[PDB]
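The block underneath contains the structure these notes are about, expressed in structure tokens.
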Amino acid sequence: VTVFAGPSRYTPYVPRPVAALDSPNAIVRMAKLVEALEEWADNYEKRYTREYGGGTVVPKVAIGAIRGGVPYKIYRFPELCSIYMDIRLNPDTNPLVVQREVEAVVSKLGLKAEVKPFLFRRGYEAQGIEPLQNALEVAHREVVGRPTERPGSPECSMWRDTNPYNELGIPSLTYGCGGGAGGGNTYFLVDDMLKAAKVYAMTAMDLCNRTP
Amino acid sequence: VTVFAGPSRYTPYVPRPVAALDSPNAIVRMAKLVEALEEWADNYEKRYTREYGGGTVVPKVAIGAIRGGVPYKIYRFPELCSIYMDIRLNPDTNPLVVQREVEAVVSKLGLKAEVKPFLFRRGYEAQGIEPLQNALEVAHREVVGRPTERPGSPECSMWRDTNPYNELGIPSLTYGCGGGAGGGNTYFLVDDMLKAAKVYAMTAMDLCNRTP
Amino acid sequence: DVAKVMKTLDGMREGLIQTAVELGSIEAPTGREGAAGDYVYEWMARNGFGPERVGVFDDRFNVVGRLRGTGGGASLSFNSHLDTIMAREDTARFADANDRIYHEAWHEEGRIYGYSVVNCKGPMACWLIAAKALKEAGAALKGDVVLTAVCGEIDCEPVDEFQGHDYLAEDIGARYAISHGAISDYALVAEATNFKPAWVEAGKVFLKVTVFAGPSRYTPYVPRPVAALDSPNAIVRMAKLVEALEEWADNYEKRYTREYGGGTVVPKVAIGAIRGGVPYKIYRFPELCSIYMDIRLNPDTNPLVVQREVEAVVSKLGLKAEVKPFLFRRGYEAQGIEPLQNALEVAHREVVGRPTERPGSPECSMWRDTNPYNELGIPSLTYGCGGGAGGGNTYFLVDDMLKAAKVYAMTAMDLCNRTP
Amino acid sequence: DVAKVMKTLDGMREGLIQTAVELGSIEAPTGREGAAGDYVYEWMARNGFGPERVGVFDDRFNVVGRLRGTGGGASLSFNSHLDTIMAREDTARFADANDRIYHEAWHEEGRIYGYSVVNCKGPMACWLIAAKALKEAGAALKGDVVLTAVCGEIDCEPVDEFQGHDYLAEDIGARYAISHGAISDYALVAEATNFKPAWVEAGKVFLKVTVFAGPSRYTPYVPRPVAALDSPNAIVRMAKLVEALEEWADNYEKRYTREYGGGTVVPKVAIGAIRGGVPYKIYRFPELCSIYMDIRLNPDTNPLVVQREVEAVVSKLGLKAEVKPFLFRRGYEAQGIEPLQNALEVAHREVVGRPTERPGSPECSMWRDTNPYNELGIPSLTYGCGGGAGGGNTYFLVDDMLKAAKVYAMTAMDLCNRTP
Ligand SMILES: Nc1ccc([N+](=O)[O-])cc1C(=O)O
Ligand SMILES: Nc1ccc([N+](=O)[O-])cc1C(=O)O
Ligand SMILES: Nc1ccc([N+](=O)[O-])cc1C(=O)O
Ligand SMILES: Nc1ccc([N+](=O)[O-])cc1C(=O)O
């Protein structure tokens with residue numbers, strides 16, 4: 001999201017006082033627009049939460065980076081400042097909507113900006129997963145000793161290389177021991193990891209002996 | 001000015017809703033700190049305005065640059081964000097004070113930040129400037145046709161290479177045709193340019209034939 | 001409005017030809033699309049479409065530019081590829097690799113000549129111009145028109161010892177541009193369909209069939225006579241295996257023909273390359289020989305099946321071989337295509353003068369960059385003038401090319417002024 | 001508190017010595033300070049002062065690190081320079097350019113030897129250690145202690161054909177470090193003053209006096225006899241002009257001696273270099289000869305005056321010459337020095353055991369990096385053990401160095417806990 005302001009002025013000629021939303025310094029308007037987007041983000045996850053067979057998708061937002069002007073010539077404030085946002089999508093949201101949504105958040109503040117997407121990937125739910133799920137479940141119950149439970153929403157609202165498999169029709173699910181790095185956990189238990197090897201192994205022996 | 005927050009989290013795990021000033025994302029707190037500093041800036045110029053024989057110094061402030069995180073890895077918001085500020089000083093202000101002021105503005109918000117100065121230069125008023133002032137004036141009156149008038153506050157509140165000369169005891173003043181580029185003007189009138197050449201010349205003929 | 005732009009296009013009839021030949025003359029085989037990409041970039045910049053370079057490599061990249069719209073309308077993407085089929089020296093595949101047709105373009109009469117024009121600068125020139133006509137005629141559109149010129153459209157794929165920058169194609173192609181921002185509500189891929197639109201294309205799977213034999217012997221010790229299928233020389237067994245696969249191939253297209261809304265998909269097979277032993281040490285025949293097969297897939301076939309099928313052909317001959325797949329792509333039928341189909345149809349009827357007819361099965365059974373869009377939820381179909389280069393046509397009629405530019409234009413005006 | 005830190009310093013006396021020799025041993029003539037800066041950077045980093053490299057060039061830079069304080073107190077700057085006077089091969093200026101003393105450092109007895117230790121790693125070693133003591137003894141400071149180690153302290157200046165990276169010194173030196181963030185409320189420059197503090201130093205102006213004669217003649221045609229002052233050989237007239245200037249030099253210091261609060265400034269003159277013609281084509285005497293003079297200035301002398309004086313000395317001999325200044329720096333007396341002066345004085349009395357006395361005139365009549373601090377409004381004075389290298393002393397007493405470290409530490413404890 002790049003927001004335009006201006007005109008640039010040598011610091012000695014900068015006009016004050018001025019309202020933030022009307023600053024010529026685009027960093028200032030960006031300060032306002034950043035706070036607007038933060039509230040939109042709070043609602044975005046709630047509005048776009050979706051329940052799927054595979055799990056429940058809570059798609060969150062974050063502003064990963066900011067940069068306006070250059071640190072080595074600051075005598076003139078910048079006529080434009082940009083932010084880079086990471087917006088997750090449930091498998092059924094079209095990125096053009098979300099763009100149009102953020103375009104809206106901008107329009108509501110009366111700001112002029114360029115909302116341009118530089119990344120798009122699709123999220124998937126596995127189809128035809130039953131054979132793997134079942135093989136997985138039998139092994140898990142044998143080794144872990146109890147039924148498998150629904151995963152936490154974050155683990156279903158991120159990127160895992162299951163999306164490429166599913167994208168290409170290879171049913172895929174994600175499963176392993178320990179707690180997620182994004183959380184973030186910092187260690188694994190040798191016993192769990194040893195179990196996980198047992199489960200993988202057993203899953204393979206069941207499934208690989210089923211005829212497609 | 002670098003403001004600290006955290007901890008970083010993979011976007012699927014970012015916690016909301018949270019107050020701007022308590023955000024884990026340092027870009028968000030910076031958003032708040034920018035708006036506080038903008039008001040401080042509004043007052044800074046009024047308080048530190050100083051009238052001198054040479055001119056009236058109205059020292060302004062501007063945020064020339066901002067940057068937090070990097071545009072090519074935004075999946076994790078940054079635990080710190082930075083802004084680069086350009087603060088002008090009248091010839092009589094000690095920069096350590098201004099740092100402490102900005103340090104204070106940060107403390108009023110309960111933020112943790114590092115305020116560090118990476119440039120300091122001094123502004124000067126000419127002493128013993130009279131001979132040149134007088135020589136200039138006669139030439140000006142002869143060519144332009146009227147007395148010289150007080151310069152605008154911006155032209156006395158910037159950086160010009162008069163400061164080095166005065167710093168080293170070579171009395172110096174600044175004078176030329178057209179209006180300041182920071183203003184910003186985009187052209188010169190050739191007649192004006194021709195007049196300025198005569199004044200420079202006459203000033204020289206006057207001043208250079210006086211014994212120091 | 002529509003008549004304003006139509007008349008405008010006739011204003012640029014020469015410009016249409018010039019951009020086509022100028023583009024067509026650039027040597028741009030897959031692996032060297034860079035010079036052509038650079039040309040389109042300047043053309044795009046020169047006309048105020050404000051392009052960007054999206055690519056994995058600094059000499060192989062896609063060009064994305066767009067004609068901004070007033071706001072709140074559907075956005076339509078226009079797409080064509082920079083690369084061309086034949087390298088300057090492709091003596092490996094063509095008996096006369098030096099024909100003028102393979103590497104140049106020229107206006108010899110009301111037609112434009114050049115394989116590099118049919119595939120694919122003729123169509124790219126058509127819509128490159130239509131964006132020009134719309135902008136210059138100040139047409140009213142609420143939605144953006146995205147101008148995507150891509151690389152690596154053609155089916156060159158790295159295999160074995162050929163990996164990396166020189167051999168990549170569709171992986172760094174349009175699917176890259178889209179995945180990195182070149183998205184719209186709909187997308188029309190401009191290629192030669194003979195003014196018949198198609199919204200289905202085929203996937204593909206490439207198999208490297210390697211057959212084992214032996215043992216190798218210095219030529220003076222080679223044992224004969226021996227039955228072909230029992231030969232120690234793997235080139236010999238491969239000869240037998242090649243004939244079996246040729247028949248399997250004959251049936252494959254028949255068994256797997258499937259009818260779709262987008263077209264009727266006839267999936268064909270071909271043995272694209274063969275190689276066993278090395279030409280510079282032939283004193284010992286080789287214990288193994290390989291072939292590389294190109295098998296198309298209709299949108300509903302799973303490649304693992306086909307692998308098992310070809311694996312079967314081998315097992316029936318009592319041969320031992322290794323069937324390993326080194327490429328897999330999926331074909332799609334457009335979903336939610338109707339707005340574009342309709343928008344397209346109205347223009348077609350107005351300009352060409354009759355309804356659209358079903359595309360030929362070859363045009364529905366190949367790879368076109370509609371599959372990436374559809375893969376990513378951008379309803380996409382393919383339509384352009386002329387007959388397919390794979391056919392292979394060697395020219396375009398400037399009149400046909402002009403019409404197609406009009407159809408591109410009129411479609412944009414219709415569709416871009418509809419709300420999604 | 002004070003006793004805690006004192007016992008600590010006796011804890012690091014060997015580290016005090018090791019740091020000096022290790023530092024003294026590094027070959028770091030002006031122009032090659034890089035190796036030593038790197039040493040200090042790592043030393044500073046190792047001890048948590050979180051250093052930074054401030055410099056114009058990546059091999060000639062200053063190191064600024066700081067011992068952070070609790071808050072709301074005055075901040076004190078400690079300064080010393082990285083470079084040393086003599087390069088390894090300085091056969092031009094020294095009769096025995098190979099003396100062990102000029103280029104190494106060693107612990108031969110309760111004293112440390114080496115021109116590179118006296119000037120100036122002995123003092124740098126002192127306060128570097130003092131900072132270590134405070135941090136390690138967890139002493140309480142409300143204000144930061146800034147550790148500034150700089151390059152280009154020594155009076156090497158580019159001239160004529162000697163320009164650029166190799167010949168630059170103080171322009172890229174401490175004044176650079178300060179103008180780019182190494183600012184404090186007060187600053188103490190640690191150099192050998194003999195435990196006497198001085199807060200005034202002298203300016204300087206460098207003149208290149210070139211005298212013209214002629215016309216050139218091949219030696220066999222040189223005209224003799226001729227009076228010296230009328231000689232065609234410019235080296236001969238210069239011989240006369242050198243003796244006139246030497247007599248002017250004797251008087252200059254007497255006339256311009258000035259007494260200041262910080263000290264008594266006795267500004268001397270010297271002819272540092274001469275050169276006329278070239279050693280590899282001597283068959284023709286030269287039509288011009290040059291000398292390079294180093295003239296010190298009290299803070300109140302205008303460099304333009306001294307030039308006219310020397311121009312005059314030339315005119316009185318009826319010589320025609322070109323007097324042009326190629327360096328001008330200003331000398332300053334500290335203003336607002338009282339807080340540091342007192343803070344210093346108290347520590348001195350406690351450790352040295354008697355009141356401080358006025359410094360020797362040379363130590364107030366030189367260039368020290370106090371001028372840059374004072375120029376920019378940071379009150380600064382210089383104090384350290386031993387006698388000046390220009391003298392030149394060749395060693396330090398490990399006891400005195402330990403005392404100096406105690407004084408630095410105590411000064412910091414006092415001064416840093418005052419609110420500005
Ligand atoms: N797939 C992942 C991608 C990124 C991160 N992260 O913390 O940035 C974590 C995971 C994960 O698997 O937990
Ligand atoms: N000294 C100056 C420095 C910068 C700028 N500027 O507008 O970028 C202008 C001036 C000026 O002299 O007006
Ligand atoms: N997409 C294509 C890919 C390859 C070839 N070819 O003949 O090399 C033609 C087409 C085409 O568009 O007709
Ligand atoms: N600052 C100095 C600069 C140069 C010399 N020297 O003798 O060459 C000595 C000192 C000194 O501090 O004594």
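Numbering starts fresh at 1 for the residues of each chain in the structure tokens, the chains themselves are lettered A, B, ... in the order given, and ligands are numbered from 1 as they appear.
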
TODO: Return as a VMD selection string the residues of protein, DNA or RNA that approach ligand 1 to within 10 Å, with only C-alpha atoms and all ligand atoms taken into account.
DONE: (chain A and resid 154 to 155 158 to 161 174 179 to 185) or (chain B and resid 8 to 13 73 to 76)

Open item on the list: Matching each Cα of chain A to its counterpart in chain B by order, what RMSD results from the least-squares fit?
Closed with: 0.2 Å

TODO: Provide the atom CA of residue C:335 to atom CA of residue C:382 distance in Å, to one decimal place.
DONE: 13.8 Å

TODO: Can you check which residues of stretch 132-366 of chain D DSSP gives as strand (DSSP E) on the backbone and send them as an MDAnalysis selection string?
DONE: chainID D and resid 145:150 186:189 203:212 258:259 264:265 269:276 288:297 321:329

Open item on the list: I'd like to know which residues of stretch 84-134 of chain A are alpha helix (DSSP H) (by DSSP, run on the backbone); could you write them as a PyMOL selection string?
Closed with: chain A and resi 95-107+130-134

TODO: Give as a ChimeraX atom specification the residues surrounding ligand 4 up to a distance of 8 Å, considering only C-alpha atoms and all ligand atoms.
DONE: /D:85,119-120,153-155,191-193,363,366-369,387-392

Open item on the list: Residues within 12 Å of stretch 137-144 of chain B, please, as number ranges by chain. Count only C-alpha atoms; anything in the same chain fewer than 3 positions from it doesn't count.
Closed with: B: 130-134, 147-149, 173, 175-177, 191-207

Just N, CA, C and O atoms for this one: save the residues we selected as a CSV table (one decimal), in the first residue's frame.
chain,number,residue,atom,x,y,z
B,130,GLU,N,30.0,43.8,9.4
B,130,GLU,CA,29.6,45.1,8.9
B,130,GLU,C,30.2,45.6,7.6
B,130,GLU,O,29.5,46.0,6.8
B,131,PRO,N,31.5,45.5,7.5
B,131,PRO,CA,32.2,46.0,6.3
B,131,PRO,C,31.6,45.4,5.0
B,131,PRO,O,31.3,46.1,4.0
B,132,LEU,N,31.3,44.1,5.0
B,132,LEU,CA,30.7,43.4,3.9
B,132,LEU,C,29.3,43.8,3.8
B,132,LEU,O,28.8,43.9,2.6
B,133,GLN,N,28.6,43.9,4.9
B,133,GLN,CA,27.2,44.3,4.9
B,133,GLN,C,27.0,45.7,4.2
B,133,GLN,O,26.2,45.9,3.4
B,134,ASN,N,27.9,46.6,4.6
B,134,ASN,CA,27.9,47.9,4.1
B,134,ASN,C,28.2,47.9,2.7
B,134,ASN,O,27.5,48.5,1.9
B,147,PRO,N,16.6,50.1,-0.6
B,147,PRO,CA,17.3,49.4,0.4
B,147,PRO,C,17.1,47.9,0.5
B,147,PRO,O,16.1,47.4,0.0
B,148,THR,N,18.0,47.2,1.2
B,148,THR,CA,17.9,45.8,1.4
B,148,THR,C,16.9,45.6,2.5
B,148,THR,O,16.9,46.3,3.5
B,149,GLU,N,16.0,44.6,2.4
B,149,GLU,CA,15.0,44.3,3.5
B,149,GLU,C,15.3,43.0,4.2
B,149,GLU,O,16.0,42.1,3.7
B,173,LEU,N,27.9,36.4,4.9
B,173,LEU,CA,26.5,36.5,4.7
B,173,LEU,C,26.1,36.0,3.3
B,173,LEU,O,27.0,35.7,2.5
B,175,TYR,N,23.7,36.2,-0.2
B,175,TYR,CA,22.8,37.1,-1.0
B,175,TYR,C,22.8,36.8,-2.4
B,175,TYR,O,23.9,36.5,-3.0
B,176,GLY,N,21.7,36.7,-3.1
B,176,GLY,CA,21.6,36.4,-4.5
B,176,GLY,C,20.2,36.6,-5.0
B,176,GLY,O,19.3,37.0,-4.3
B,177,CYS,N,20.0,36.5,-6.3
B,177,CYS,CA,18.7,36.7,-6.9
B,177,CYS,C,17.7,35.5,-6.8
B,177,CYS,O,18.2,34.4,-6.5
B,191,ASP,N,17.5,39.2,-16.1
B,191,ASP,CA,17.8,40.6,-15.7
B,191,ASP,C,18.2,40.6,-14.2
B,191,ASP,O,19.2,41.3,-13.9
B,192,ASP,N,17.5,39.9,-13.4
B,192,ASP,CA,17.8,39.7,-12.0
B,192,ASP,C,19.2,39.1,-11.9
B,192,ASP,O,20.0,39.6,-11.1
B,193,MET,N,19.4,38.1,-12.6
B,193,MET,CA,20.7,37.4,-12.6
B,193,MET,C,21.8,38.4,-13.0
B,193,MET,O,22.9,38.4,-12.4
B,194,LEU,N,21.5,39.3,-14.0
B,194,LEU,CA,22.5,40.3,-14.4
B,194,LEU,C,22.7,41.3,-13.4
B,194,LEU,O,23.8,41.8,-13.2
B,195,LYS,N,21.6,41.7,-12.6
B,195,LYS,CA,21.8,42.7,-11.6
B,195,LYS,C,22.7,42.1,-10.5
B,195,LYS,O,23.7,42.7,-10.1
B,196,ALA,N,22.5,40.8,-10.1
B,196,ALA,CA,23.3,40.2,-9.0
B,196,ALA,C,24.7,40.2,-9.4
B,196,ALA,O,25.6,40.4,-8.5
B,197,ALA,N,25.0,40.1,-10.6
B,197,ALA,CA,26.4,40.1,-11.1
B,197,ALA,C,27.0,41.5,-10.9
B,197,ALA,O,28.2,41.6,-10.5
B,198,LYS,N,26.3,42.5,-11.1
B,198,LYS,CA,26.8,43.8,-10.9
B,198,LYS,C,27.1,44.1,-9.4
B,198,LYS,O,28.1,44.6,-9.1
B,199,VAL,N,26.1,43.7,-8.6
B,199,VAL,CA,26.3,43.9,-7.2
B,199,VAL,C,27.5,43.2,-6.6
B,199,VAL,O,28.3,43.8,-5.9
B,200,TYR,N,27.7,42.0,-7.1
B,200,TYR,CA,28.9,41.2,-6.6
B,200,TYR,C,30.1,41.9,-7.0
B,200,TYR,O,31.0,42.0,-6.2
B,201,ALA,N,30.1,42.4,-8.2
B,201,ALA,CA,31.2,43.1,-8.7
B,201,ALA,C,31.5,44.4,-7.9
B,201,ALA,O,32.6,44.7,-7.5
B,202,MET,N,30.5,45.2,-7.7
B,202,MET,CA,30.6,46.5,-7.0
B,202,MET,C,31.0,46.3,-5.6
B,202,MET,O,31.8,47.0,-5.1
B,203,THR,N,30.4,45.3,-5.0
B,203,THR,CA,30.7,44.9,-3.6
B,203,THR,C,32.2,44.6,-3.5
B,203,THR,O,32.9,45.1,-2.6
B,204,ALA,N,32.7,43.9,-4.5
B,204,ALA,CA,34.2,43.6,-4.6
B,204,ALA,C,35.0,44.9,-4.7
B,204,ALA,O,36.0,45.0,-4.0
B,205,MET,N,34.6,45.7,-5.6
B,205,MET,CA,35.4,46.9,-5.9
B,205,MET,C,35.4,47.8,-4.6
B,205,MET,O,36.4,48.5,-4.4
B,206,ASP,N,34.3,47.8,-3.9
B,206,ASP,CA,34.2,48.6,-2.7
B,206,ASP,C,35.1,47.9,-1.6
B,206,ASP,O,36.1,48.5,-1.2
B,207,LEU,N,34.7,46.7,-1.2
B,207,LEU,CA,35.3,46.1,-0.1
B,207,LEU,C,36.8,45.8,-0.3
B,207,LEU,O,37.5,46.0,0.6

TODO: Give the residues of chain C that lie within 6 Å of chain A; count only C-alpha atoms, and format the answer as an MDAnalysis selection string.
DONE: chainID C and resid 179:181

TODO: Go through B:108, B:210, B:46, B:60 and flag the residue nearest chain A, using only C-alpha atoms for the distances.
DONE: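 Ranking B:108, B:210, B:46, B:60 by distance to chain A, first place goes to B:60.
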
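With atom CA of residue B:52 on one side and atom CA of residue D:299 on the other, the separation reads 25.7 Å.
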
Open item on the list: Need to verify the contact set: residue C:355, 10 Å, only C-alpha atoms, exclusion of same-chain residues closer than 2 positions in sequence. Can you return it as a PyMOL selection string?
Closed with: chain C and resi 196+345-346+348-350+352-353+357

Task: Using only C-alpha atoms: which of B:6, B:24, B:69, B:55 has the shortest distance to chain A - done: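 Nearest candidate to chain A out of B:6, B:24, B:69, B:55: B:69.
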
Open item on the list: Give me, as a PyMOL selection string, all polymer residues having an atom no more than 8 Å from residue B:26, counting only C-alpha atoms and skipping those fewer than 2 positions away in the same chain.
Closed with: chain B and resi 3-6+23-24+28-30+68+77-81

Task: Contacts of residue A:101 within 10 Å, only C-alpha atoms, excl. fewer than 6 positions in-chain, as number ranges by chain - done: A: 40, 44, 95, 107

Now that the selection is made, can you save its residues with N, CA, C and O atoms as a CSV table (one decimal), in the first residue's frame?
chain,number,residue,atom,x,y,z
A,40,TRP,N,-9.3,-2.7,10.8
A,40,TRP,CA,-9.9,-3.5,9.7
A,40,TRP,C,-9.3,-4.9,9.8
A,40,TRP,O,-10.0,-5.9,9.6
A,44,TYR,N,-11.2,-8.4,10.1
A,44,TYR,CA,-11.0,-9.3,9.0
A,44,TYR,C,-10.9,-10.8,9.4
A,44,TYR,O,-11.6,-11.6,8.8
A,95,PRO,N,-8.6,-12.9,-3.8
A,95,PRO,CA,-7.7,-11.8,-3.4
A,95,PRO,C,-8.1,-10.4,-3.9
A,95,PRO,O,-7.8,-9.4,-3.3
A,107,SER,N,-10.0,4.8,1.0
A,107,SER,CA,-10.9,5.8,0.5
A,107,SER,C,-11.7,6.4,1.6
A,107,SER,O,-12.1,7.6,1.5
